[PDB]
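Structure below is structure.txt: compact mmCIF, C-alpha atoms and all ligand atoms.
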```txt
# COMPACT_ATOMS: atom_id res chain seq x y z
CA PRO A 1 -9.63 1.52 -21.96
CA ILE A 2 -8.76 0.27 -18.46
CA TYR A 3 -12.31 0.90 -17.23
CA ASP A 4 -15.28 3.13 -17.92
CA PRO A 5 -15.20 5.88 -15.23
CA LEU A 6 -19.00 6.23 -15.67
CA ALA A 7 -19.69 2.49 -15.82
CA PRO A 8 -22.24 1.56 -13.14
CA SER A 9 -19.96 -0.99 -11.47
CA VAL A 10 -17.18 1.60 -11.25
CA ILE A 11 -19.54 4.29 -9.88
CA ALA A 12 -20.76 1.74 -7.28
CA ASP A 13 -17.23 1.56 -5.82
CA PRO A 14 -14.32 3.08 -7.78
CA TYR A 15 -11.49 2.48 -5.26
CA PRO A 16 -10.62 -1.10 -6.36
CA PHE A 17 -10.31 0.25 -9.88
CA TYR A 18 -8.09 3.12 -8.73
CA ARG A 19 -5.96 0.56 -6.89
CA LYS A 20 -5.53 -1.66 -9.96
CA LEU A 21 -4.40 1.42 -11.92
CA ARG A 22 -2.00 2.47 -9.17
CA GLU A 23 -0.53 -1.04 -8.94
CA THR A 24 0.16 -0.99 -12.67
CA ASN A 25 1.52 2.53 -13.02
CA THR A 26 1.14 5.62 -10.85
CA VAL A 27 1.34 7.77 -13.99
CA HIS A 28 -0.59 6.03 -16.80
CA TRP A 29 -1.37 7.37 -20.27
CA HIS A 30 -5.13 7.13 -21.04
CA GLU A 31 -5.15 7.39 -24.82
CA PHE A 32 -8.90 7.80 -25.38
CA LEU A 33 -9.15 10.61 -22.84
CA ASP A 34 -5.79 11.93 -24.14
CA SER A 35 -4.54 12.49 -20.58
CA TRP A 36 -2.16 11.21 -17.94
CA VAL A 37 -3.97 9.52 -15.04
CA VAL A 38 -2.03 9.99 -11.81
CA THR A 39 -2.91 7.72 -8.90
CA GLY A 40 0.29 7.71 -6.80
CA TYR A 41 0.45 9.90 -3.73
CA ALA A 42 3.95 11.25 -4.39
CA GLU A 43 3.15 12.17 -7.97
CA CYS A 44 -0.16 13.87 -7.16
CA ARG A 45 1.50 15.81 -4.36
CA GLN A 46 4.33 16.87 -6.71
CA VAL A 47 2.03 18.09 -9.48
CA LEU A 48 -0.31 19.99 -7.17
CA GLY A 49 2.48 22.07 -5.68
CA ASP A 50 4.30 22.93 -8.96
CA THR A 51 2.49 25.76 -10.72
CA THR A 52 5.59 26.63 -12.70
CA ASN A 53 5.46 23.46 -14.75
CA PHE A 54 1.82 22.48 -14.28
CA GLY A 55 -0.97 24.98 -14.49
CA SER A 56 -4.66 25.57 -14.30
CA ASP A 57 -4.71 28.49 -16.79
CA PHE A 58 -4.85 26.93 -20.26
CA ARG A 59 -3.79 30.27 -21.80
CA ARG A 60 -0.28 29.28 -20.72
CA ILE A 61 -0.37 26.63 -23.47
CA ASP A 62 -1.83 28.99 -26.10
CA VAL A 63 -5.50 28.11 -25.64
CA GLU A 64 -7.91 30.96 -26.20
CA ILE A 65 -9.75 31.86 -22.98
CA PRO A 66 -11.95 35.00 -23.01
CA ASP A 67 -11.40 37.45 -20.15
CA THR A 68 -15.05 37.06 -19.13
CA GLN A 69 -14.52 33.41 -18.07
CA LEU A 70 -11.44 33.86 -15.88
CA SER A 71 -11.78 32.76 -12.26
CA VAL A 72 -9.67 32.00 -9.19
CA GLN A 73 -9.60 28.26 -10.06
CA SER A 74 -8.39 28.89 -13.68
CA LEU A 75 -5.76 31.59 -12.98
CA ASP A 76 -2.17 30.91 -12.10
CA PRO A 77 0.50 33.15 -10.57
CA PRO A 78 0.87 36.05 -10.72
CA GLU A 79 -2.74 36.77 -11.77
CA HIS A 80 -4.03 34.19 -9.28
CA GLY A 81 -2.57 35.99 -6.26
CA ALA A 82 -4.74 39.09 -6.39
CA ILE A 83 -8.11 37.31 -6.43
CA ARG A 84 -6.91 34.53 -4.10
CA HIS A 85 -5.68 36.97 -1.43
CA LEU A 86 -8.94 38.95 -1.85
CA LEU A 87 -11.00 35.83 -1.09
CA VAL A 88 -8.76 34.73 1.79
CA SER A 89 -8.96 38.24 3.29
CA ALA A 90 -12.75 38.18 3.10
CA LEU A 91 -12.77 34.72 4.70
CA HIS A 92 -10.43 35.79 7.50
CA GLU A 93 -12.67 38.70 8.33
CA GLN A 94 -15.48 36.33 9.38
CA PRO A 95 -15.57 35.77 13.18
CA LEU A 96 -15.21 32.06 13.77
CA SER A 97 -17.30 32.08 16.95
CA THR A 98 -20.31 33.17 14.87
CA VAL A 99 -19.45 30.81 12.04
CA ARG A 100 -19.25 27.88 14.44
CA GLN A 101 -22.53 28.85 16.11
CA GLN A 102 -24.30 29.06 12.73
CA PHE A 103 -22.86 25.76 11.50
CA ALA A 104 -23.76 23.99 14.75
CA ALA A 105 -27.32 25.36 14.77
CA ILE A 106 -27.95 24.37 11.14
CA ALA A 107 -26.66 20.85 11.75
CA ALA A 108 -28.71 20.44 14.95
CA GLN A 109 -31.93 21.80 13.40
CA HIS A 110 -31.80 19.51 10.39
CA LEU A 111 -31.05 16.53 12.60
CA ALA A 112 -33.99 17.44 14.87
CA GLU A 113 -36.29 17.50 11.82
CA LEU A 114 -35.37 13.82 11.42
CA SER A 115 -36.43 12.86 14.96
CA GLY A 116 -39.85 11.28 14.97
CA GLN A 117 -39.61 9.93 11.46
CA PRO A 118 -41.09 6.40 11.56
CA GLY A 119 -40.34 5.37 7.96
CA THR A 120 -37.35 5.40 5.65
CA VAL A 121 -35.70 8.80 5.14
CA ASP A 122 -33.14 9.75 2.49
CA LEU A 123 -30.21 11.46 4.18
CA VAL A 124 -28.95 13.01 0.93
CA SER A 125 -32.03 15.17 0.26
CA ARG A 126 -33.06 15.52 3.95
CA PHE A 127 -29.69 16.34 5.51
CA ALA A 128 -26.58 16.56 3.37
CA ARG A 129 -27.93 18.91 0.71
CA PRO A 130 -30.05 21.26 2.89
CA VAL A 131 -27.32 21.54 5.55
CA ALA A 132 -24.76 22.33 2.89
CA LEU A 133 -26.99 24.95 1.25
CA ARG A 134 -27.81 26.76 4.49
CA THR A 135 -24.14 26.46 5.58
CA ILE A 136 -22.69 28.10 2.44
CA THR A 137 -25.37 30.80 2.28
CA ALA A 138 -24.94 31.63 5.98
CA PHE A 139 -21.22 31.97 5.36
CA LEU A 140 -21.84 34.13 2.29
CA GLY A 141 -24.39 36.20 4.19
CA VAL A 142 -27.16 35.77 1.64
CA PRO A 143 -30.70 34.31 1.75
CA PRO A 144 -30.77 30.62 0.75
CA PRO A 145 -32.29 29.97 -2.67
CA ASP A 146 -34.87 27.22 -3.11
CA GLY A 147 -33.09 23.98 -2.27
CA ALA A 148 -34.60 21.69 -4.92
CA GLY A 149 -34.11 24.14 -7.79
CA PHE A 150 -30.66 25.09 -6.63
CA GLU A 151 -29.67 21.42 -6.43
CA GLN A 152 -30.87 20.94 -10.03
CA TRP A 153 -28.76 23.77 -11.50
CA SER A 154 -25.80 22.85 -9.36
CA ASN A 155 -26.05 19.18 -10.38
CA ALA A 156 -25.83 20.15 -14.07
CA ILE A 157 -22.49 21.83 -13.30
CA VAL A 158 -21.22 18.75 -11.42
CA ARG A 159 -22.14 16.46 -14.30
CA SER A 160 -20.47 18.81 -16.80
CA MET A 161 -17.14 18.18 -15.04
CA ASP A 162 -17.26 14.77 -16.82
CA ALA A 163 -17.79 16.27 -20.30
CA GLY A 164 -14.45 14.83 -21.49
CA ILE A 165 -16.05 11.39 -21.08
CA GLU A 166 -19.61 12.31 -22.19
CA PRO A 167 -19.51 15.54 -24.24
CA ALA A 168 -23.30 15.99 -24.07
CA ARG A 169 -22.79 16.94 -20.44
CA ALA A 170 -21.07 20.19 -21.40
CA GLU A 171 -24.04 22.24 -22.56
CA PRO A 172 -26.32 21.91 -19.49
CA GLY A 173 -23.34 22.93 -17.36
CA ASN A 174 -22.90 26.14 -19.32
CA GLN A 175 -26.55 27.08 -18.98
CA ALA A 176 -26.32 26.33 -15.27
CA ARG A 177 -23.13 28.35 -14.83
CA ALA A 178 -24.96 31.33 -16.35
CA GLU A 179 -27.84 30.86 -13.92
CA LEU A 180 -25.53 30.78 -10.93
CA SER A 181 -23.82 33.89 -12.31
CA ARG A 182 -27.07 35.81 -12.32
CA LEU A 183 -27.63 34.68 -8.76
CA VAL A 184 -24.20 35.90 -7.74
CA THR A 185 -24.74 39.19 -9.57
CA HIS A 186 -27.90 39.78 -7.58
CA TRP A 187 -26.03 39.09 -4.32
CA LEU A 188 -23.20 41.43 -5.27
CA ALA A 189 -25.73 44.16 -5.78
CA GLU A 190 -27.81 43.54 -2.65
CA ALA A 191 -25.92 41.57 0.01
CA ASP A 192 -25.55 42.95 3.52
CA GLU A 193 -22.12 44.02 4.74
CA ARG A 194 -22.22 41.06 7.10
CA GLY A 195 -20.85 37.89 5.53
CA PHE A 196 -18.37 36.89 2.91
CA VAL A 197 -20.04 38.59 -0.09
CA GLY A 198 -19.96 41.97 1.62
CA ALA A 199 -16.31 41.44 2.61
CA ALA A 200 -15.29 40.37 -0.91
CA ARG A 201 -17.08 43.39 -2.35
CA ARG A 202 -15.17 45.60 0.06
CA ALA A 203 -11.82 44.02 -0.77
CA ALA A 204 -12.33 44.41 -4.52
CA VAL A 205 -9.46 42.78 -9.70
CA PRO A 206 -11.57 42.52 -12.85
CA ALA A 207 -15.27 42.41 -12.05
CA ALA A 208 -15.64 39.25 -14.15
CA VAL A 209 -12.99 37.47 -12.08
CA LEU A 210 -14.68 38.48 -8.84
CA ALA A 211 -18.13 37.33 -9.94
CA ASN A 212 -16.90 34.02 -11.37
CA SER A 213 -14.79 33.42 -8.26
CA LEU A 214 -17.74 34.05 -5.95
CA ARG A 215 -19.74 31.65 -8.10
CA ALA A 216 -16.94 29.17 -7.51
CA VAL A 217 -17.05 29.74 -3.76
CA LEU A 218 -20.80 29.14 -3.82
CA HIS A 219 -20.73 26.05 -6.00
CA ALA A 220 -17.57 24.53 -4.61
CA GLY A 221 -18.74 25.24 -1.07
CA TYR A 222 -22.19 23.74 -1.64
CA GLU A 223 -21.21 20.69 -3.68
CA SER A 224 -18.10 19.74 -1.74
CA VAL A 225 -19.81 20.03 1.64
CA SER A 226 -22.95 18.28 0.43
CA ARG A 227 -21.02 15.38 -1.06
CA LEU A 228 -18.59 15.06 1.86
CA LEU A 229 -21.52 14.87 4.27
CA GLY A 230 -23.23 12.23 2.14
CA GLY A 231 -20.14 10.03 2.02
CA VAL A 232 -19.33 10.49 5.69
CA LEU A 233 -22.93 9.69 6.67
CA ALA A 234 -22.83 6.58 4.50
CA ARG A 235 -19.79 5.41 6.44
CA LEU A 236 -21.21 6.34 9.83
CA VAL A 237 -24.51 4.55 9.17
CA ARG A 238 -22.64 1.33 8.32
CA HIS A 239 -20.01 1.80 11.09
CA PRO A 240 -21.69 3.60 14.00
CA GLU A 241 -18.82 2.63 16.28
CA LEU A 242 -16.92 5.54 14.66
CA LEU A 243 -19.06 7.86 16.76
CA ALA A 244 -18.53 5.81 19.92
CA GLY A 245 -15.01 7.12 20.41
CA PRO A 246 -13.67 9.53 23.01
CA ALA A 247 -15.30 12.50 21.33
CA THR A 248 -12.77 15.02 22.61
CA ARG A 249 -11.57 17.83 20.35
CA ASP A 250 -8.31 16.00 19.64
CA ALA A 251 -9.92 12.57 19.13
CA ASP A 252 -12.40 14.13 16.72
CA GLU A 253 -9.49 15.89 14.93
CA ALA A 254 -8.02 12.48 14.08
CA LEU A 255 -11.43 11.05 13.14
CA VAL A 256 -12.33 14.01 10.90
CA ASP A 257 -8.94 13.80 9.21
CA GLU A 258 -9.58 10.14 8.39
CA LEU A 259 -13.17 10.75 7.22
CA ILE A 260 -11.98 13.53 4.85
CA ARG A 261 -9.10 11.38 3.60
CA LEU A 262 -11.46 8.48 2.87
CA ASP A 263 -14.67 10.22 1.83
CA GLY A 264 -13.47 13.54 0.36
CA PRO A 265 -15.59 13.86 -2.76
CA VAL A 266 -12.98 15.20 -5.20
CA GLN A 267 -11.95 12.20 -7.32
CA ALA A 268 -10.13 14.06 -10.11
CA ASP A 269 -8.22 17.35 -10.28
CA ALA A 270 -6.80 18.41 -13.63
CA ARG A 271 -3.68 20.35 -14.67
CA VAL A 272 -1.96 21.18 -17.96
CA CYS A 273 1.79 20.77 -18.40
CA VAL A 274 3.31 24.15 -19.27
CA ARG A 275 6.97 22.97 -19.37
CA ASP A 276 8.37 19.49 -19.87
CA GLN A 277 8.78 17.86 -16.46
CA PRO A 278 9.28 14.40 -14.95
CA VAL A 279 6.40 13.18 -12.76
CA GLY A 280 7.43 10.02 -11.03
CA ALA A 281 9.44 8.12 -13.61
CA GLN A 282 7.53 9.62 -16.55
CA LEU A 283 8.28 12.64 -18.70
CA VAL A 284 5.26 14.82 -19.09
CA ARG A 285 5.45 17.25 -22.03
CA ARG A 286 4.21 20.79 -22.53
CA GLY A 287 0.61 20.61 -23.66
CA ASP A 288 -0.18 17.33 -21.94
CA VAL A 289 -3.23 17.20 -19.68
CA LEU A 290 -2.90 15.41 -16.32
CA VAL A 291 -5.82 14.19 -14.22
CA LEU A 292 -4.74 13.81 -10.60
CA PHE A 293 -6.84 11.09 -8.99
CA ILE A 294 -6.46 12.59 -5.56
CA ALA A 295 -8.96 10.21 -3.88
CA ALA A 296 -6.82 7.35 -5.22
CA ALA A 297 -3.69 9.07 -3.91
CA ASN A 298 -5.38 9.20 -0.50
CA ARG A 299 -5.55 5.36 -0.57
CA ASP A 300 -1.90 4.85 -1.61
CA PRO A 301 -0.70 2.14 0.81
CA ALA A 302 2.89 3.35 0.77
CA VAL A 303 1.65 6.41 2.68
CA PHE A 304 -1.58 5.10 4.31
CA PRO A 305 -1.03 1.44 5.33
CA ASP A 306 -4.36 -0.39 5.41
CA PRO A 307 -5.62 2.50 3.27
CA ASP A 308 -9.32 1.70 3.28
CA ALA A 309 -9.59 1.78 7.07
CA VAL A 310 -10.11 4.56 9.57
CA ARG A 311 -6.92 4.55 11.65
CA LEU A 312 -6.76 7.17 14.39
CA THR A 313 -2.94 7.10 14.80
CA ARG A 314 -1.82 8.26 11.35
CA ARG A 315 0.36 11.31 10.92
CA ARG A 316 -1.69 14.45 10.23
CA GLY A 317 -1.21 16.76 7.22
CA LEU A 318 -0.79 14.08 4.59
CA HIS A 319 -4.06 13.67 2.73
CA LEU A 320 -4.65 15.55 -0.51
CA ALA A 321 -8.47 15.85 -0.27
CA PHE A 322 -8.15 19.65 -0.09
CA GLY A 323 -5.42 19.83 -2.68
CA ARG A 324 -2.04 21.37 -2.02
CA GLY A 325 -0.14 24.48 -2.97
CA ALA A 326 -1.37 27.63 -4.56
CA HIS A 327 -4.89 26.38 -5.28
CA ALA A 328 -5.40 24.51 -2.01
CA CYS A 329 -8.98 24.62 -0.86
CA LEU A 330 -9.97 28.09 0.41
CA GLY A 331 -12.58 26.54 2.67
CA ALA A 332 -10.51 23.68 4.12
CA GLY A 333 -10.77 25.17 7.63
CA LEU A 334 -14.50 25.85 7.26
CA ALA A 335 -15.08 22.33 6.02
CA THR A 336 -13.23 20.70 8.92
CA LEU A 337 -15.07 22.94 11.43
CA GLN A 338 -18.37 22.09 9.77
CA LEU A 339 -17.79 18.34 9.82
CA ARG A 340 -16.71 18.53 13.47
CA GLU A 341 -20.00 20.25 14.27
CA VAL A 342 -21.99 17.57 12.42
CA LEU A 343 -20.31 14.83 14.43
CA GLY A 344 -21.09 16.70 17.62
CA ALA A 345 -24.71 17.18 16.67
CA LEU A 346 -25.10 13.49 15.88
CA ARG A 347 -23.69 12.53 19.26
CA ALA A 348 -25.91 15.02 21.10
CA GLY A 349 -28.98 13.99 19.11
CA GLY A 350 -28.95 10.48 20.48
CA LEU A 351 -30.51 9.24 17.23
CA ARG A 352 -29.66 5.87 15.70
CA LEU A 353 -29.57 5.95 11.88
CA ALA A 354 -29.74 2.37 10.53
CA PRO A 355 -29.51 1.40 6.83
CA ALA A 356 -32.87 0.95 5.10
CA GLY A 357 -31.46 -0.07 1.73
CA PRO A 358 -28.15 0.38 -0.11
CA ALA A 359 -26.19 3.55 -0.61
CA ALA A 360 -26.85 4.48 -4.24
CA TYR A 361 -24.25 6.56 -6.09
CA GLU A 362 -24.85 9.13 -8.82
CA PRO A 363 -23.09 8.74 -12.26
CA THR A 364 -20.62 11.52 -11.52
CA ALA A 365 -16.95 10.64 -11.83
CA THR A 366 -15.07 13.86 -10.97
CA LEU A 367 -17.06 14.72 -7.79
CA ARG A 368 -18.35 11.60 -6.06
CA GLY A 369 -21.88 11.78 -4.73
CA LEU A 370 -24.68 9.65 -3.38
CA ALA A 371 -27.95 9.67 -5.18
CA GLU A 372 -29.74 8.34 -2.12
CA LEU A 373 -28.91 7.21 1.41
CA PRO A 374 -32.03 5.55 2.85
CA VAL A 375 -32.14 5.01 6.63
CA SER A 376 -34.59 4.34 9.45
CA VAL A 377 -34.47 6.66 12.47
CA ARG A 378 -34.73 5.22 15.99
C1 LIG A 401 -17.39 25.99 2.49
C2 LIG A 401 -16.62 25.02 2.02
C3 LIG A 401 -15.69 25.21 0.83
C4 LIG A 401 -15.42 26.30 0.14
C5 LIG A 401 -16.02 27.70 0.43
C6 LIG A 401 -14.49 25.91 -0.89
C7 LIG A 401 -13.95 26.75 -1.84
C8 LIG A 401 -12.93 26.45 -2.68
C9 LIG A 401 -12.37 27.39 -3.61
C10 LIG A 401 -12.95 28.80 -3.78
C11 LIG A 401 -11.40 26.76 -4.27
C12 LIG A 401 -10.46 27.25 -5.36
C13 LIG A 401 -9.17 27.72 -4.71
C14 LIG A 401 -8.20 28.27 -5.75
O1 LIG A 401 -8.30 27.83 -6.92
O2 LIG A 401 -7.30 29.08 -5.38
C15 LIG A 401 -11.31 25.41 -3.71
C16 LIG A 401 -10.44 24.43 -4.03
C17 LIG A 401 -10.54 23.13 -3.59
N1 LIG A 401 -11.53 22.59 -2.74
FE1 LIG A 401 -12.73 23.59 -1.65
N2 LIG A 401 -14.23 24.57 -0.76
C18 LIG A 401 -14.98 24.11 0.28
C19 LIG A 401 -15.07 22.82 0.73
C20 LIG A 401 -14.36 21.78 0.21
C21 LIG A 401 -14.37 20.40 0.66
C22 LIG A 401 -15.33 19.86 1.77
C23 LIG A 401 -13.50 19.72 -0.12
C24 LIG A 401 -13.06 18.27 -0.09
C25 LIG A 401 -13.20 17.60 1.07
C26 LIG A 401 -12.88 20.67 -1.03
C27 LIG A 401 -11.93 20.33 -1.93
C28 LIG A 401 -11.22 21.24 -2.66
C29 LIG A 401 -10.07 20.95 -3.47
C30 LIG A 401 -9.39 19.58 -3.68
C31 LIG A 401 -9.64 22.09 -4.01
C32 LIG A 401 -8.40 22.24 -4.89
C33 LIG A 401 -8.68 22.19 -6.38
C34 LIG A 401 -7.40 22.47 -7.17
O3 LIG A 401 -6.35 21.77 -7.05
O4 LIG A 401 -7.46 23.40 -8.00
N3 LIG A 401 -13.48 21.88 -0.82
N4 LIG A 401 -12.25 25.27 -2.78
NA NA A 402 -28.70 13.36 -25.80
```
As structure tokens, please, write out the structure in this file.
Ligand code: HEM
Ligand code: NA
Amino acid sequence: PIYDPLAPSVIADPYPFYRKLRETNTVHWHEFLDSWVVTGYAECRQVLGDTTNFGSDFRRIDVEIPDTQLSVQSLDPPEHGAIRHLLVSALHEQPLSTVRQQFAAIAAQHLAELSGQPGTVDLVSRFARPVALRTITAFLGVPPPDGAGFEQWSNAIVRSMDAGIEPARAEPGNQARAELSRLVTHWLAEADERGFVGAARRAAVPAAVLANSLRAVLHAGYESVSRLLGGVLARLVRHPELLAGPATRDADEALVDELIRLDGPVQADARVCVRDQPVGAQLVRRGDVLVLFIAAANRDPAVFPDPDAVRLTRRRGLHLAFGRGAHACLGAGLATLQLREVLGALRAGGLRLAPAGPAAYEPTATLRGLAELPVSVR
């Protein structure tokens, strides 16, 4: 193989490896994984937006998928539209003034808990994860579960996304998916009318699709926000000058766009080819699996010159960290609002967060995440 996606040196910093792949071929056949690896921006953008020839529902290539496992992320048009519009409608019903107030208060509270800490603190377990958990459960309108236990179940699902590389990772993910399903079932039965769960219940599609899709909102919301915050904090702690900018709404728009482009946690996004189709110069055939390395696409220098740097003058609307097309991230607006509020809380907190040891990364290849981010607080 080109490299081991779970090798420690790759996990420590995968972007040079992505770049070597991209420089050799933006659409490369990985024979041991039996998949195309797509690292070019143009090709990833093409595949994401074409659900006619590239799908997320493996039933379209004659794979058996029981009805009880269907979900918004594994359905394609036309079945995808009903549950997708249901979720968007429930999202759009949430008043943004309240959402922003909740997100800002959570971020400020967890930062204030850090003030007065004289030793080394781990920003993953002390900020990124608890903020994400309270953020997603406030949005859902449900009581937060225990943070440590919830992180353990959720982590099993994240690791299972790499089961094609390490098959032993599949089984813990399935047990964990079942646990999160029971959690979601309890919320469906008991949640207040305030919040996203109450709105989704009102809008309601097969009950299995709704429950699995809400589980997806919970897990995707928690893990994506948690891991984005960890990566962004890692960059801010090494480059505090990023927070020393104008700090106006528009200046922070550009900064947030760059932070999501660079530190968006989704490294890989898979599709199946339903009908033979060229991708770049290559012919992809019905039945082929494609892994879109969207974090690599977000460092493609043909689109992002000096790709590894924060540059505040790039054209907006280019990065693929939220996907593109029918399956584009449901929470992209919530996530940008949330990160804006974190930046604002950091600036108002007046706290200096200096490195107290290296950023340490977890052996997760699909969804990048820090295992630990040790800092001193001054
Ligand atoms: C509260 C925050 C979030 C929620 C509630 C959320 C929820 C979701 C949901 C439900 C989907 C599936 C959409 C569909 O298949 O139609 C999705 C897709 C996606 N999310 Fe988010 N997400 C959140 C934050 C984030 C963040 C912070 C990132 C990355 C920075 C992200 C990256 C993505 C990507 C790349 C996809 C597309 C996957 C694909 O191509 O199928 N999400 N998200
Ligand atoms: Na084992």
- Task: Figure out the distance between atom CA of residue A:269 and atom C34 of ligand LIG 401 (chain A), please, to one decimal in Å.
- Result: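 Rounded to one decimal, the two atoms are 6.0 Å apart.
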Can you tell me which residues sit at most 10 Å away from ligand NA 402 (chain A), counting only C-alpha atoms and all ligand atoms, written as an mmCIF file with C-alpha atoms, in the coordinates of the input?
```cif
data_model
loop_
_atom_site.group_PDB
_atom_site.id
_atom_site.type_symbol
_atom_site.label_atom_id
_atom_site.label_comp_id
_atom_site.auth_asym_id
_atom_site.auth_seq_id
_atom_site.Cartn_x
_atom_site.Cartn_y
_atom_site.Cartn_z
ATOM 1 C CA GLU A 166 -19.610 12.310 -22.190
ATOM 2 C CA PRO A 167 -19.510 15.540 -24.240
ATOM 3 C CA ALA A 168 -23.300 15.990 -24.070
ATOM 4 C CA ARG A 169 -22.790 16.940 -20.440
#
```
- For residue A:242: contacts at 10 Å, all atoms listed in the file, fewer than 6 positions along chain excluded, given as number ranges by chain: A: 235-236, 252, 255, 259, 310, 343
Selected residues written out, C-alpha atoms, as a CSV table (one decimal), keeping the file's coordinate frame:
```
chain,number,residue,atom,x,y,z
A,235,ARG,CA,-19.8,5.4,6.4
A,236,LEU,CA,-21.2,6.3,9.8
A,252,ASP,CA,-12.4,14.1,16.7
A,255,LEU,CA,-11.4,11.0,13.1
A,259,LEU,CA,-13.2,10.8,7.2
A,310,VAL,CA,-10.1,4.6,9.6
A,343,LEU,CA,-20.3,14.8,14.4
```
- Message: Would you pick out the contacts of residue A:96 at 12 Å or less, using only C-alpha atoms, so that residues sharing its chain but fewer than 4 positions from it are not included, and give the list as a PyMOL selection string?
- Response: chain A and resi 91-92+100-104+139+195+333-334+337-338
Report as a tab-separated table: every residue of chain A with an atom at most 6 Å from ligand LIG 401 (chain A), its closest pair of atoms, and their distance in Å to one decimal, counting all atoms listed in the file, with rows sorted by chain and ascending residue number.
```
residue	atom	partner	partner_atom	distance
A:72	CA	A:LIG401	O1	4.9
A:73	CA	A:LIG401	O1	3.4
A:84	CA	A:LIG401	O2	5.6
A:136	CA	A:LIG401	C1	5.7
A:216	CA	A:LIG401	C10	5.5
A:217	CA	A:LIG401	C10	4.2
A:220	CA	A:LIG401	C6	5.0
A:221	CA	A:LIG401	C3	3.6
A:224	CA	A:LIG401	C22	4.5
A:225	CA	A:LIG401	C22	4.5
A:228	CA	A:LIG401	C22	5.8
A:260	CA	A:LIG401	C25	5.7
A:264	CA	A:LIG401	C25	4.1
A:265	CA	A:LIG401	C24	5.7
A:266	CA	A:LIG401	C30	5.9
A:269	CA	A:LIG401	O3	5.8
A:321	CA	A:LIG401	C30	5.1
A:322	CA	A:LIG401	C30	3.8
A:323	CA	A:LIG401	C30	4.1
A:327	CA	A:LIG401	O2	3.6
A:328	CA	A:LIG401	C32	4.7
A:329	CA	A:LIG401	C17	3.5
A:330	CA	A:LIG401	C8	4.6
A:331	CA	A:LIG401	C4	3.8
A:332	CA	A:LIG401	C19	5.7
A:334	CA	A:LIG401	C1	5.6
A:335	CA	A:LIG401	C22	4.9
```
- Mind pulling up the distance from atom CA of residue A:375 to atom CA of residue A:311?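 Interatomic distance, atom CA of residue A:311 to atom CA of residue A:375: 25.7 Å.
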- Which of these residues is nearest to residue A:348, using all atoms listed in the file: A:35, A:109, A:69, A:46?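 Comparing A:35, A:109, A:69, A:46 against residue A:348, the winner is A:109.
With distances taken over all atoms listed in the file, A:373 is the one residue among A:63, A:289, A:86, A:373 lying closest to residue A:357.
Between residue A:157 and the residues A:142, A:44, A:90, A:176, the shortest atom-to-atom distance, using all atoms listed in the file, involves A:176.
When only C-alpha atoms are used to measure the gap to residue A:114, the shortest distance among A:131, A:273, A:318, A:377 belongs to A:377.
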- Do a neighbour search on residue A:280 at 7 Å with all atoms listed in the file, toss out local chain neighbours closer than 2 positions, and write the hits as a PyMOL selection string. chain A and resi 43+278+282
- Query: Which value, in Å to one decimal, gives the distance between atom CA of residue A:121 and atom CA of residue A:233?
  - Reply: 12.9 Å
- Task: Pick out the closest residue to residue A:57 from this set: A:268, A:312, A:372, A:274. Count all atoms listed in the file.
- Result: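 Of all the options, A:274 lies closest to residue A:57.
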- Message: Ranking A:200, A:123, A:284, A:303 by minimum distance to residue A:88 and counting all atoms listed in the file, which one comes first?
- Response: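 Using all atoms listed in the file, the shortest distance to residue A:88 belongs to A:200.
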